[PDB]
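Each ligand, and each atom within it, is numbered from 1 in the order the structure gives. Each chain gets a letter, A, B and so on, in the order its sequence line appears, and its residues count up from 1. Because only heavy atoms are used, hydrogens play no part in the values below, and waters and symmetry mates are left out as well, while side chains stay in.
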Amino acid sequence: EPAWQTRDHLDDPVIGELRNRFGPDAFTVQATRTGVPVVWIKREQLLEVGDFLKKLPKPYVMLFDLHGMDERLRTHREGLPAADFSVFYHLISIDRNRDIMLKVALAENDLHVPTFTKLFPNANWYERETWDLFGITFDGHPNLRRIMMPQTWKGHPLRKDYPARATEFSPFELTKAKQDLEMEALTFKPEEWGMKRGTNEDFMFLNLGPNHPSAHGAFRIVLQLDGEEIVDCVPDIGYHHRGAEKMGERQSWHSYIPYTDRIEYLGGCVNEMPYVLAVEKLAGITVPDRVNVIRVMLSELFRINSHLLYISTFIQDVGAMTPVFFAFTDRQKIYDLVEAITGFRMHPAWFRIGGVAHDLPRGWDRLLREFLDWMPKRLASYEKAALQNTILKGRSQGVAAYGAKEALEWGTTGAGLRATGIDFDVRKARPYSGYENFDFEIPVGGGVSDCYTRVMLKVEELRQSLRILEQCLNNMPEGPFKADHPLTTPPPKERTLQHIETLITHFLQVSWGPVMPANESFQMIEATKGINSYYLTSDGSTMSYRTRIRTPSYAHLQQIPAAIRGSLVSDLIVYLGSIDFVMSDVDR
Amino acid sequence: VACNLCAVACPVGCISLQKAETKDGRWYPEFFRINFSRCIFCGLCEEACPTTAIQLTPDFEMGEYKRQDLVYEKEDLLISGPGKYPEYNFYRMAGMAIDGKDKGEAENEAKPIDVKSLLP
Amino acid sequence: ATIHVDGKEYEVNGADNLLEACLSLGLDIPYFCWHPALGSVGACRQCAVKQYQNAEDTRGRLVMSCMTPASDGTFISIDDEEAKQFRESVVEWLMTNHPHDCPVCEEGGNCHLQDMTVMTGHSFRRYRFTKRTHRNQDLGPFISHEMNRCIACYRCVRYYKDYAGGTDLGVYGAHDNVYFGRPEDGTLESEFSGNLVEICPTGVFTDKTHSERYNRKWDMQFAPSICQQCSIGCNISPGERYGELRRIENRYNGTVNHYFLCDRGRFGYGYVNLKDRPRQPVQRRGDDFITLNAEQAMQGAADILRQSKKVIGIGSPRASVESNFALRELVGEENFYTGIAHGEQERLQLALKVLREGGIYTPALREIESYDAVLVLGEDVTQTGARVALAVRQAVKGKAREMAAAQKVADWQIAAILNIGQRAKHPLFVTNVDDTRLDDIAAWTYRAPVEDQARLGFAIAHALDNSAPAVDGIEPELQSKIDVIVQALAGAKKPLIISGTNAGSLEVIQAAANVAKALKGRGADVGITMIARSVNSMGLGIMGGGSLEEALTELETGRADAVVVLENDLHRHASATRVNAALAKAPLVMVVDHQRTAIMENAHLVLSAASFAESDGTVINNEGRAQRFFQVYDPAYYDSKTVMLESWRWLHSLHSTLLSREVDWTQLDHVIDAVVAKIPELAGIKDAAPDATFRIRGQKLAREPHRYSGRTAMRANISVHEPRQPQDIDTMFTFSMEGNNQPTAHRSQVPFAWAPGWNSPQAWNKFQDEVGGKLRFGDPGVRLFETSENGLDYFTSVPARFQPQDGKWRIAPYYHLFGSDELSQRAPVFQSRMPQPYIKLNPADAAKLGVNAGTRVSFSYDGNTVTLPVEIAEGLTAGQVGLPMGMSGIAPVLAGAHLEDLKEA
Amino acid sequence: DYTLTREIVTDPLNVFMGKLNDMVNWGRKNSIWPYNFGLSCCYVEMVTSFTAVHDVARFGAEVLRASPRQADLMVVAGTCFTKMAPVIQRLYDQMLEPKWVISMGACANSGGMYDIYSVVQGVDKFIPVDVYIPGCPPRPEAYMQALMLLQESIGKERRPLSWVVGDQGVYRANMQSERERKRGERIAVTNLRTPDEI
Ligand code: SF4
Ligand code: SF4
Ligand code: SF4
Ligand code: SF4
Ligand code: SF4
Ligand code: SF4
Ligand code: FES
Ligand SMILES: [Ca+2]
């Protein structure tokens, strides 16, 4: 049985446990290509099912994802409960190394679900986004307000009857929103943001945005301060919302790849990898080994690029300015190799459904050798010049620390979760793209996720990525760069240029689009900043019926108030520098 | 050959063209315009081109004073040579007859046999 | 019947084959040579499935699903590995000789062969040898020919010969050199040859008129519209790109015109793209012209009309029900006049009275094919109502269908049905002034003057029932042929009587009504069909109004000083000199029209009306069915200076500016409600389509496909800033991709057929309840009137025999499919198809006047002499002269008229 | 040719006043202080241009300001989201004369690939732009090229020397388009390197 085959996962022990606890008629198991068991739960049993999953012997500890779905235009709903809308809950058991996707069906007029925030606190922002984009009410939510769109927005953009395209620009609305911006500083009400005790006559209120002079993006945080101590902080996000999921419903499976590039814009091919893997699951494509090695090498090069940017930006946030110049020189070496291979620097859009766009150019190994000889001396110099400086250690050590429980309850992934001591990397736990054929280590922390611990873990991850690149350079299969599947999009170019069957396939694939049979697919990867996942629903057409992107920066930004309360503002800047987020990843 | 595959493959939709035909039957673009203020330089049009006509070249210096001047018509795009693919000719492959290539003169094509031929 | 496909149980019709049953169930089986309208022949071998003997069978056998009945307890597998391998191999065999042509082939993106190549999953070529090639033929102005792309599926010859009755297409040659085409270069002679471009699954036969301004299907903007070129009401999908009407595709209507158009509807759209069309309101000051915007035109026209003493209106059967009603509201009902002549109006109201008071059911166009005897009286159906002639051909083949059904032969096995019914056919009796295109299948053809055709009809009615009035002076040979017709019609289980207003005689319509009444009185299931002239002739007849001659007398006596003329070239319905005099005398002439007509030089105001591509409205076909057509594109999108509004919008805004001095344009549903409130006989046009608030789960219906390209570059030469999307407050369609076109959407109006994996016209399979049946939620359009409980009385006014008169030449009409409909003559591609105007003479009359074939003769009509060259017509009886109606200078009102001083030039 | 703002006019430009206006323009064009404003990925390539491997400091345009009062050039490098558009407008209004605008990338130019419900289709919907850079992202040397184009535009413009003496109108040179200027050399290109090699 291939790894992309449709499965019901009835042999998962959690299905038997749910059978024993709630009975056999309490839920409906759906066969998908997501790789996880998908269970349709009644709305009135959702909290009991969630608590039961949380109290298992090897429990489901993390709410990985929570979002909605407009099911009104879905023609192929065979074996599914009747639903105008639905809400899905992706939960991860680390100890079992397993997931489960709960789905609640909803009628068009009865669009309310009990809140999940008492079980998992990251459900706050997830349910705010579900209410914002789908209009689904969550009963019991502390502050159910719009998080992506402005508060005075009409409609819900991810509904199927909402038009995707930009409306006609009016300067009157711009001047009205400017007046809103200049009056908000005078008419601030600290109850509509979920805040309490709105002036003790000592709480000073500051704003950090909505413009930030940094590479992670521009965003606003409202700070409630007692002297220099943060007693409350609520973020304002959605300032970089690009409608990427709605655009996923508008582009074909092939033409959406450049949009996947710009989710986490320091990631590139790393961002492309989960999307093309999920589409290949929908298409039933098993890529050859050379494709796996090529995609792994590109992803590791972009991971080194992103980590160099993160370490240099953290050092600049501490107060040392020269390592960012040197790290950008190293980024230029990486960009030389990436430009040679893909023809682009930052958004290569080079991965394809079933492979990559072109073969590797002649002489790529010389550039890889030059980079692999250039990097380690520079990394050691960076450590000795900035990372071992006691001023940086005093700025970083002990600042915004959390343990394993706080990381699990907020959906924290990546270097923060591993800095809490939990050894969970996607490339080892749920291997993808031939990562099992590479010998590399996963660095973990001692149990405390500090700013310094996260930065040093990212340094060791950079060294491990250099090891993976060395193994990629020494071991390359001499095979195809595209799979021989009929749904490989586009087909190989020379056969397109001289064979009529291949020309026909290319013609229909680039114009109407490749036809993906109706299914649901899922793929999570270890991105540069945590776990990035694509959840794709095909209704049998040439475009996605639903593209859901889970990004780790959303979860880390939601974890910000739990870890920074009672600290200084300078500690908040250091924490923002040590998270490794970008606002495009947050808002999508 | 104004086949319009690059325009539909463009995710931004910044390619517009119209097919015209010569006297001998050769397809060509009557016009061809690319809005470079919209273009994201993703290369999907070059990938989709079945004739290797449209190509992305190593030239980054495209800065402009007026945004209307970033609309490049056919006179601003058509160059004097083959570019990155020096030998490919789609019309040597196509069965459609043009000037200088009658029926049966394309690659891997036999001469036409008329139905009134005496051979069985 | 119970079938089991891939382990799933299904209930199907046992009289269907497996391919049509499985395609009706939503399953995907590739196919080439089968068509729903043509039956099964088993040529292409693409539709192979694996049939098992029973449930406990594992080997199976590959069968063709199109040639295998969907009998009870059938067991088949589509996704069997051997069946999939064989279907891929069939695609591969078709691909060995296929040219490398998709970029320069007009079928690309709309190609059934491309779709089935992708559907079978065949994308790797291992064939390395040479490809066979073919020379192409010239097939005329409409169809381009490219035989390299042929897959030898035989669909073209089966449709053209077996279905459409054409004779100049065929298959030639042998084994892999099979060639599909004509015996030599020449124009395809069939009136229904244009359906080849959708019948052919490859790019062999292509729309040449589209090919001149080619664009791909995904780049089109479509709308569900009605063909304007005659009264049949065939549903069409006009598709546009860059502001110009690019193509007319067939839009499936299971009740009207299911898969097929005629060539007039398909290729006679080119008048919309004419450069001399009015784009904006123009007002003449002295000898100069000034261009106004819509507000200034409304203010000035309202002021001048308010100053006038009496405003009269002249509608048109071209224009929709809403626009004619808006004219009738603006000028008043008593001051409203129909734009057609007095005799034309009398024949039209008599046809309407027979249709909605004759007590005899009038069948739809699809229902015509089930009648087992046809009598056509006077109406040259092929040249005036061509799709009715196609349906009558199918009804004639009904006899072979009956004899095959007697021998327990399945209704889809078309070759066996044709073999059993060799040349036996249901009786067709056509009457005309000359030979018709239906004569090759007609049991009898009566070439006689229109009064003699009426006398034949009255004699048939009297021989069917003695209460009908008798005809005295019938020759014994004509009496024997009348007895043949009467014996054929009396023994028929379902006789059909077809007539129309094109014959130009009231007594022909009365004779048809008397035959229908006589057949009704004997308990037969008789149907009656009337053929009107133009797209909304029946709507203008239902609305009513005075004739054009009454309006001309009003404008000539001077008691009417302002005239509004809507969508009307007045020279078609009246003499040109009288019209020019009455319009030069009138101090105010306002013309609302979308074409540069000849009365726009004497027009003081000209309003740029929209054509059917740029307007919404309702038209009534000759069956009595109200059908809504929708706007295709916004004319102001590319050229913002274009002020081209709906005619009812113009006239409603004029009435509002006249009354309240304020400019309110309107909404379409308000005009619909106004029509159904003032006119109760047009109350059915409310239900023809849902209103503009109709939604499919909250979203509108899309006009363009999902992959519509160039949205940030198609106007970038004008300005790099993208304009706003056009807003459609009139209908439920949106002018964008942001809409719904799902095949399962609960609607009846479908702008275009597309499904994932089905990019060709075969996606109409997905848009149907069963393949070849109706649309899934019903065909659009509703009948205005039901069958009356009581019929009429026998018309006792039997006309006398035609006597020739010396110096008096009775004009016999000779209609043409290419040339007798005004807007289609305006299309530039119809000039190549335009026959040279020849005046038809009897050999005896031409010998008496001493003129041979090809000589120019001059005749005087309305005090004006015109010269036409002579063609000898044997069938035209003496005392008649044959003229081509509707041509340049020969109005259709001349049919049935006399002529004076026909002399050799 | 020139464009007047306070109209297409001619060149208004004594021989000392012209030389000293040229010295004013030279000082303005050789001292350009960009504003620090991070919108999206285009800003990452902009700060890549600021780094050592490119060294845009050579042109004197490295002085990055967190205050719009001390910044002469606004580089809109990123998508103009609907929530960020009033912020961009306020930051532009906070700048002082003379102020110049460079749109960097397809998002700032036209909206780019995001013709979506939450994105303003180009920053020139509400803010005047002097130099546009196509690309997604433009490479750092393209940003430097746009900087040189801005210097050529600045060196050919006429601004009020003082607010109390002389004409107070702002004159902007209607320069030739770069497309028509480079059409001579771009069309003459015949052969490029094949993509198989490096
Ligand atoms: S490179 Fe530019 S023109 Fe070509 S497909 Fe991409 S966005 Fe469109
Ligand atoms: S550039 Fe290529 S893809 Fe585009 S229309 Fe021309 S031949 Fe077709
Ligand atoms: S007929 Fe179809 S497969 Fe053949 S060249 Fe044309 S588009 Fe391609
Ligand atoms: S010309 Fe077309 S319809 Fe006729 S046999 Fe060939 S492919 Fe079939
Ligand atoms: S029969 Fe009449 S309505 Fe139908 S396509 Fe022909 S002209 Fe149009
Ligand atoms: S133009 Fe491209 S690189 Fe620049 S901000 Fe937009 S998505 Fe990012
Ligand atoms: S469709 Fe059945 S053999 Fe052709
Ligand atoms: Ca309209």
Side-chain angles (χ1 to χ4, degrees), chain A residues 240 242 258-259 261-263 265 344-347 584, chain B residues 37-42, chain C residues 17-20 29-35 40-49 63-68 90 116 151 153-155 191-192 194-195 201 226-236 248 250 256-257 260-269 365 381-391 531-532 534-535 619 621-622 627 817 820-821 823-824, chain D residues 38-46 76-80 103-114 119 133-138:
Chain A
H240 305 254
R242 265 160 174 174
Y259 289 93
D261 249 343
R262 281 109 179 142
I263 297 300
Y265 49 73
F344 215 68
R345 294 160 56 83
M346 206 183 180
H347 306 308
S584 84
Chain B
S37 73
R38 283 271 189 188
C39 168
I40 66 166
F41 296 86
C42 73
Chain C
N17 57 73
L18 277 173
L19 176 60
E20 59 174 315
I29 308 179
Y31 66 95
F32 291 110
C33 77
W34 173 84
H35 191 277
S40 310
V41 285
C44 72
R45 318 305 283 187
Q46 184 64 81
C47 68
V49 299
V63 298
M64 290 324 125
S65 59
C66 75
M67 297 298 282
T68 313
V90 167
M116 305 291 87
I151 60 178
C153 80
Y154 294 81
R155 262 175 162 214
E191 292 81 0
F192 322 99
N195 300 308
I226 308 301
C227 169
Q228 307 289 305
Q229 314 318 306
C230 92
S231 78
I232 292 324
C234 301
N235 288 200
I236 57 164
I248 305 288
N250 179 83
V256 184
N257 62 291
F260 305 121
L261 303 173
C262 91
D263 287 0
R264 181 193 269 181
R266 188 179 288 274
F267 305 120
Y269 64 94
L365 178 59
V381 169
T382 319
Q383 309 308 296
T384 57
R387 272 304 269 105
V388 171
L390 191 53
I531 305 298
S534 289
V535 50
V619 289
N621 72 343
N622 55 219
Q627 289 192 120
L817 192 64
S820 287
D821 164 80
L823 298 189
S824 274
Chain D
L39 260 179
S40 292
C41 359
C42 273
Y43 171 84
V44 176
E45 295 278 83
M46 204 204 135
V76 182
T79 320
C80 303
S103 291
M104 179 156 183
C107 282
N109 288 340
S110 54
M113 77 205 285
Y114 301 106
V119 161
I133 325 163
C136 178

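Ligand 6 places these atoms under 4.0 Å from at least one heavy atom of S40(D): 5 (S). In the vicinity of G265(C), heavy-atom distances shorter than 4.0 Å reach the ligand 5 atoms 5 (S), 6 (Fe), 7 (S), 8 (Fe). Interface of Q229(C) with ligand 5, defined as ligand atoms under 4.0 Å from a residue heavy atom, comprises 7 (S). Taking every heavy atom of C44(C) and a limit of under 4.0 angstrom, the matching atoms of ligand 7 come to 1 (S), 3 (S), 4 (Fe). Atom numbering of ligand 5 starts at 1 in the shown order; those under 4.0 Å from a heavy atom of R387(C) are 1 (S). For ligand 6, the atoms lying closer than 4.0 Å to a non-hydrogen atom of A106(D) are 1 (S).
Contacts with ligand 6 closer than 4.0 Å are made by no heavy atom of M46(D), backbone or side chain.
For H347(A), the closest heavy-atom approach to ligand 6 falls below 4.0 Å. Residue contacts with ligand 6 do not include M346(A), since none of its heavy atoms lies under 4.0 Å from the ligand. Ligand 6 has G78(D) within reach: a non-hydrogen atom of the residue lies less than 4.0 Å from it.
Nearest non-hydrogen protein atom to atom 8 (Fe) of ligand 5 is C227(C) SG, 2.3 Å. The closest protein non-hydrogen atom to atom 2 (Fe) of ligand 5 is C230(C) SG, 2.3 Å. The protein heavy atom nearest to atom 3 (S) of ligand 7 is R45(C) N, 3.1 Å. Nearest to atom 7 (S) of ligand 6 among the protein's heavy atoms is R242(A) NH2, 3.4 Å.
Note on ring orientation: taking the six-membered ring where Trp is involved, the planes of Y259(A) and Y114(D) are perpendicular (angle over 60°, cut-offs 30° and 60°).
Without hydrogens or angle criteria, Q627(C) side chain to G233(C) main chain gives a donor-acceptor distance under 3.5 Å. Not one N or O on the side chain of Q229(C) forms a donor-acceptor pair closer than 3.5 Å with the backbone of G265(C).
The residue among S534(C), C262(C), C234(C) with a heavy atom at the shortest distance from atom 4 (Fe) of ligand 5 is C234(C).
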Worked verdict on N250(C) versus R266(C) for side-chain hydrogen bond (donor to acceptor under 3.5 Å, both in side chains): CA-CA 8 Å; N250(C) 179 83; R266(C) 188 179 288 274; 5.2 Å; no

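Residues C33(C) and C44(C) approach most closely at N-SG, 3.3 Å, considering heavy atoms.
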